[PDB]
Trainee: 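Right, I'll just put the structure down here and ask away after.
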Number of protein chains: 2
Amino acid sequence: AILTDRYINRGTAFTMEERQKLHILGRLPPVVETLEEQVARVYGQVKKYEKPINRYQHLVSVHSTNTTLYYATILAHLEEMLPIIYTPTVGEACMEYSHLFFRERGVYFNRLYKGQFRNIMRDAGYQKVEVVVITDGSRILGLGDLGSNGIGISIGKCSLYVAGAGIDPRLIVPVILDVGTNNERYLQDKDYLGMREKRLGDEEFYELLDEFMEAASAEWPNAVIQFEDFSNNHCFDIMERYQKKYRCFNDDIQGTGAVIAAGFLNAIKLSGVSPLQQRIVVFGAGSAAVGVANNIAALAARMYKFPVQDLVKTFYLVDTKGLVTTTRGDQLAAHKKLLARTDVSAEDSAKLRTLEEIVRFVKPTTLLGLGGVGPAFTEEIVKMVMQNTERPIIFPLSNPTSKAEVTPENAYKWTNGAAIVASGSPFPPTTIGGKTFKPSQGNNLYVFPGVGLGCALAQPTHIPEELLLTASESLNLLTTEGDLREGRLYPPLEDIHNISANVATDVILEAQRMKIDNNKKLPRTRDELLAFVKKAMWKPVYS
Amino acid sequence: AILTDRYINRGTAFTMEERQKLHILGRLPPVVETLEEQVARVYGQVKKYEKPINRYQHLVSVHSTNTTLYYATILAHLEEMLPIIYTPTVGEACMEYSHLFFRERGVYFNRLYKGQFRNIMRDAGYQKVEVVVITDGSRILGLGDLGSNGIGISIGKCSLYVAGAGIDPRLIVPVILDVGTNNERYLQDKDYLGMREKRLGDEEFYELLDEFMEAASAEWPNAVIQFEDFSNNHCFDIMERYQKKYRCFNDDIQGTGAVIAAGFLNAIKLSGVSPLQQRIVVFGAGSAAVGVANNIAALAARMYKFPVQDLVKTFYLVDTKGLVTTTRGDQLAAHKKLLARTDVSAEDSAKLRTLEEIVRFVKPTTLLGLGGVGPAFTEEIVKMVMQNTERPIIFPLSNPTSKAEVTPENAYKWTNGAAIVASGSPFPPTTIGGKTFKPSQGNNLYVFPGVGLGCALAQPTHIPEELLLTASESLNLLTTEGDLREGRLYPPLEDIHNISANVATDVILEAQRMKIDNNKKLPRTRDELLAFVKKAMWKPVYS
Ligand SMILES: O=C(Nc1cccc(S(=O)(=O)Nc2ccccc2F)c1)c1cnccn1
Ligand SMILES: O=C(Nc1cccc(S(=O)(=O)Nc2ccccc2F)c1)c1cnccn1
């Protein structure tokens, strides 16, 4: 019963004396290993596979037999395992290898079960659930509708809360809300196991998602509900609908802006050009891109008490037409108005269409790549920014690497190593003249696990914007003098347990200051709280 | 508890009413499938993988979650799945992917556990075990010593008793007797989990194997012990040591000779050249090759009551020196003496060295390829056999296909479709002049599962040679007039349940005639017994 329970199984780490006592001597090969030795063996077993999907499949096999060994392997090799266990491999697993997820916990909802959602949750037989990740498979980036196969996205994201913040793997629940699929291949595929129908309209979509939120608030009252990989037609509206009434957040929207804001303020500190002297080209004018700009302005206003209006005036927003201005003659989308230039004439607007002429005119010190249209930050454009600052801040954040505005290698080459670079994706180091440069990766893992652990301990009534901004600031402040002297914008990803403990600590203190915390057992002073949070974390060691 | 038990789990075959009643509605995607629909889906999931090892890995995943669906998929696609689930894929899985077997039942013995073998078996907590497959990883063919990783061979072979003869998958036990490894890579491999030592000498080897046989006879008294993939230094001696005292057999030795003898006697019937008119070149003079010849002579003597001495005189044995004769001047190995020619002069012996001149002199009607040295049956040699018979019998049985004496395609091409061919391996059909030919595969699956089911029902004291010869004859007689009219030498592999039920029936009747049967509940007449055996078989359907 211990060997066959993946939560308590130790495999070859059972000592000979333990195997004798548990009557399992003949169930294992005779070698006895420590957990670090098992992790080294698993890491070799993974790297025997060349393709990410086969590495993923091997890690699923480990997780199904020895959960402690799985999470110990991820924690020892995190940067390398992240592309396998989540984006982009998990989406390819969902799309073409959905059987990899069948044996996992997954809770499936659809219109056939209307009015039974609470019964289904009760039936799942979990105890004090802490984190629930839900998707409908619609995709934040709107590529590759997964329908019911989106359950693998929720499974993968749940796993990152365990690895990142020590959420006990028994207290995470992955959910698929199957409201149909517009995936034409799936709609015709004899082997598609989900609802074989186009996506439900908004009225029915919200009827079912409302029942889900109300059922989860009753049956899983201790949980944070995290929306993952919902399409843009719904993801912003879901948060407007639920943010005050339920304990919920959207990582794609709120996590991303908190992580990019933290890293960007550290790039300002390194750059020699202080926040009010920055001239920031925001290349891309989607709701998400404007959210990131507003999250930067909010964080600088918190950290430095500059008037937020003056920080807004540092942004130069570029949409598909050109520089967004109040004078260029069009009716602006609501989200573009607050960053529109008021200081540019109609005549100058007409001559500010191409990114090259916009950069020549604006004289920016920062280029924020949120454009999703490929390598817009040319050598000529990067060379112009070198005219305005000694340390250009260049953030090519569009995903995947082919949609990205510039490679970190080109950014460093064209500035002779002056560029301060953050990426959505990991890159190898670049060496110029014997000096080494490596971009800072703004991975969402820096924030969501600590928000989850914080909301799990404090049990806040809801997750107001204050808790995300506090997580953003906490992350910024974790970047040490040492980190900064080596050009890093974030604390190191390998230190994610300490990072999450600190983010969670600061989130709790903010919930306590707002009197929204329902858990009154927690310390209310930072040093004693941080020690308490660290002790509360599940660790991937045998105990 | 039903979803997580692979023996009772039905996955998507649970109806909506059943999901309601079992409180599992939210645990599955909403599509309800029949077992045949699930099998079609799994077969597509398998064929999405190009490499055998990745197909194997996918089938392991099915087996770990839904045992009924795994065995239903094998039974629906048997010929195609056999190369994946056993030779040669299972050996490659053992050698390089041994982690595929960690979660499976496996019972591990070694010298560290001397005197505790019975305790280890008791600890395994099985009920009335029927079949135990044991290996030491030494390899029958002596290539790729697997040591402790030989457990995967036992696991794969156990699975074939379930698929082939409906041994209940709860009543099969795979065993590794780890007596060391001569695999130099393993002996230096930090991740090898077995006994890190060269193979024990014979005295210690037999001390431990004796304890195993005695322990299994006490703790698993209802079981057949089947030796799999033991090296030639031990496999013949193990059977001499144990055959009378324990319920045991070796498939490599006894199964192979029973299957080849059955197919060869059907080739004689098709050929127009009756057993006493056959002139059989036995190319290869190993113990195994002489065993196959002796099994043919024994079966013909049983079926036709020709004097066995006259059947022996139909064989012309060829070793590495040439035609084995009493006059060629050397001291013959014991196994070669009984097939040595007494009718060839010393002078003719000296001129009978190359296979070509041996064939020209002997004027054979059959070529039996048991040589293991590549494509010895040349066009010139096949063309000479066409001079001696209208239907050359050509059996290239050396493994793998590169060691084989002739391709079936070349055999049929060079004889314009007259050749009667059996292979160890599967081959595609050959079309000559719009007429189609396909070799008969002498797969060991024809015999061992039915011997296992027979020995499981009758509970004989031991497995004397009479039970193997009866299985051989039963298999021969299952080839219908219809089968024979289409050139088949065996009943079709897809019909393996009916085949095994009939082999088991005949084996039981032989045990009853010898008064070695311990199970007195069984019918003693063939029709009523065969019905009883069919009912006793585990079937891969939901019940
Ligand atoms: O856990 C079992 N066995 C085991 C054997 C060797 C090694 C390990 S391990 O847990 O040390 N490593 C491991 C396990 C999985 C897949 C990849 C792995 F590397 C475990 C078991 C569980 N139930 C039943 C019978 N055995
Ligand atoms: O059995 C479970 N789920 C399941 C989902 C879809 C489909 C099937 S299936 O059993 O229909 N097919 C199948 C299962 C395995 C791997 C390849 C497969 F094709 C099963 C389960 C078991 N425990 C816990 C939660 N779920």
Side-chain angles (χ1 to χ4, degrees), chain A residues 3-4 11-12 16 20 22-31 33 37 40-42 44-45 48 54 57-58 60-62 64-66 96-100 102-103 105-110 112-113 116-117 119-125 148-149 151 175-176 178 190-196, chain B residues 3-4 11-12 16 20 22-31 33 37 40-42 44-45 48 54 57-58 60-62 64-66 96-100 102-103 105-110 112-113 116-117 119-125 148-149 151 175-176 178 190-196:
Chain A
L3 278 170
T4 58
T12 62
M16 278 302 175
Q20 292 154 31
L22 294 169
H23 286 101
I24 61 171
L25 222 36
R27 301 248 189 194
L28 295 167
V31 159
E33 288 164 314
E37 288 175 314
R41 170 167 56 74
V42 170
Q45 287 167 188
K48 193 159 209 165
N54 293 321
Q57 182 175 9
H58 185 54
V60 167
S61 178
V62 181
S64 75
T65 294
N66 186 345
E96 303 290 353
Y97 306 90
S98 59
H99 59 80
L100 289 172
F102 291 170
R103 181 54 181 81
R105 33 167 86 190
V107 186
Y108 296 74
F109 299 94
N110 58 59
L112 299 178
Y113 314 151
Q116 306 186 61
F117 286 17
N119 289 348
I120 287 167
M121 299 175 179
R122 189 188 338 274
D123 290 345
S148 179
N149 294 347
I151 189 51
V175 173
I176 181 71
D178 180 355
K190 183 159 49 181
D191 292 330
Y192 183 58
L193 298 181
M195 299 293 299
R196 195 188 298 282
Chain B
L3 278 170
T4 58
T12 62
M16 278 302 175
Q20 292 154 31
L22 294 169
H23 286 101
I24 61 171
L25 222 36
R27 301 248 189 194
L28 295 167
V31 159
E33 288 164 314
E37 288 175 314
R41 170 167 56 74
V42 170
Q45 287 167 188
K48 193 159 209 165
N54 293 321
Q57 182 175 9
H58 185 54
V60 167
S61 178
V62 181
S64 75
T65 294
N66 186 345
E96 303 290 353
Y97 306 90
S98 59
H99 59 80
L100 289 172
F102 291 170
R103 181 54 181 81
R105 33 167 86 190
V107 186
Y108 296 74
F109 299 94
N110 58 59
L112 299 178
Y113 314 151
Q116 306 186 61
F117 286 17
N119 289 348
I120 287 167
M121 299 175 179
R122 189 188 338 274
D123 290 345
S148 179
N149 294 347
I151 189 51
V175 173
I176 181 71
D178 180 355
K190 183 159 49 181
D191 292 330
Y192 183 58
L193 298 181
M195 299 293 299
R196 195 188 298 282

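Proteins come first, then strands; the chains are lettered A, B, ... in the order of their sequence lines, and each starts at number 1. Below, all heavy atoms of this structure are taken into account, side chains as well, without hydrogens, waters or symmetry copies.
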Trainee: Identify which part of B:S98 has an atom lying under 4.5 Å from any heavy atom of chain A, answering side chain, backbone, both or neither.
Mentor: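 Nothing of B:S98, per the 4.5 Å heavy-atom cut-off to chain A.
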Trainee: Heavy-atom distances under 4.5 Å only: say whether A:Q116 touches chain B with side chain, backbone, both or neither.
Mentor: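 The answer is the side chain of A:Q116.
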Trainee: Any idea which of A:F102, A:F117, A:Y192, A:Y113 has the most non-hydrogen atom pairs under 4.5 angstrom with chain B?
Mentor: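 Answer, by heavy-atom pair count under 4.5 Å with chain B: A:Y113.
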Trainee: With chain A as the partner, which of B:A40, B:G44, B:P29, B:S64 has the greatest number of non-hydrogen pairs under 4.5 Å?
Mentor: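 Most heavy-atom pairs within the cutoff with chain A belong to B:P29.
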Trainee: Is B:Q57 close to chain A through its backbone or its side chain, or both, or neither, when contacts mean heavy atoms under 4.5 Å?
Mentor: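 B:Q57 touches chain A through backbone and side-chain heavy atoms alike.
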Trainee: Between chain A and each of B:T12, B:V175, B:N66, B:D191, count heavy-atom pairs under 4.5 Å; write down the option with the most.
Mentor: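 Most heavy-atom pairs under 4.5 Å with chain A: B:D191.
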Trainee: Please examine the side chains of A:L22 and A:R27, heavy atoms only from C-beta on, and report whether any two atoms are closer than 4.5 Å.
Mentor: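 Side chain of A:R27 against side chain of A:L22, heavy atoms only: no contact under 4.5 Å found.
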Trainee: Given the options A:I120, A:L100, A:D178, which has more heavy-atom pairs under 4.5 Å with chain B than any of the others?
Mentor: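 Option with the greatest count: A:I120.
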Trainee: Quick one: which of A:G194, A:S61, A:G125, A:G11 has the most heavy-atom pairs under 4.5 Å with chain B, could you say?
Mentor: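 Of the options given, most contacts go to A:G194.
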Trainee: Less than 4.5 Å to any heavy atom of chain A: does that hold for the side chain of B:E96, its backbone, both, or neither?
Mentor: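 Contact with chain A is through both the backbone and side chain of B:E96.
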Trainee: Using non-hydrogen atoms and a 4.5 Å limit, figure out which bit of A:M121 sits close to chain B: side chain, backbone, both or neither.
Mentor: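 No part of it gets close to chain B.
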Trainee: For chain B, which candidate among A:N110, A:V107, A:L28 shows the most heavy-atom pairs at distances under 4.5 Å?
Mentor: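 The residue among A:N110, A:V107, A:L28 with the greatest pair count is A:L28.
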Trainee: Between chain B and each of A:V42, A:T4, A:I24, count heavy-atom pairs under 4.5 Å; write down the option with the most.
Mentor: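 Heavy-atom pairs under 4.5 Å are most numerous for A:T4.
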Trainee: Specify which of B:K190, B:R196, B:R103, B:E37 makes the most heavy-atom pairs with chain A at under 4.5 Å.
Mentor: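 Among the listed options, the one with the most contacts to chain A is B:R103.
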Trainee: Looking only at heavy atoms and a cut-off of under 4.5 Å, which of A:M195, A:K48, A:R105 has the most pairs with chain B?
Mentor: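 Of the options given, most contacts go to A:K48.
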Trainee: Counting only non-hydrogen atoms closer than 4.5 Å, does B:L112 touch chain A with its backbone (N, CA, C, O), its side chain (CB onward), both, or neither?
Mentor: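 Contact with chain A is through the side chain of B:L112 alone.
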Trainee: To the nearest 0.5 Å, how far apart are OG1 in A:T65 and CG in A:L3?
Mentor: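 Result: 10.0 Å between the selected atoms.
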Trainee: Rounded to the nearest 0.5 Å, what separates atom CZ in A:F109 from atom CG in B:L25?
Mentor: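 These two atoms lie 10.0 Å from each other.
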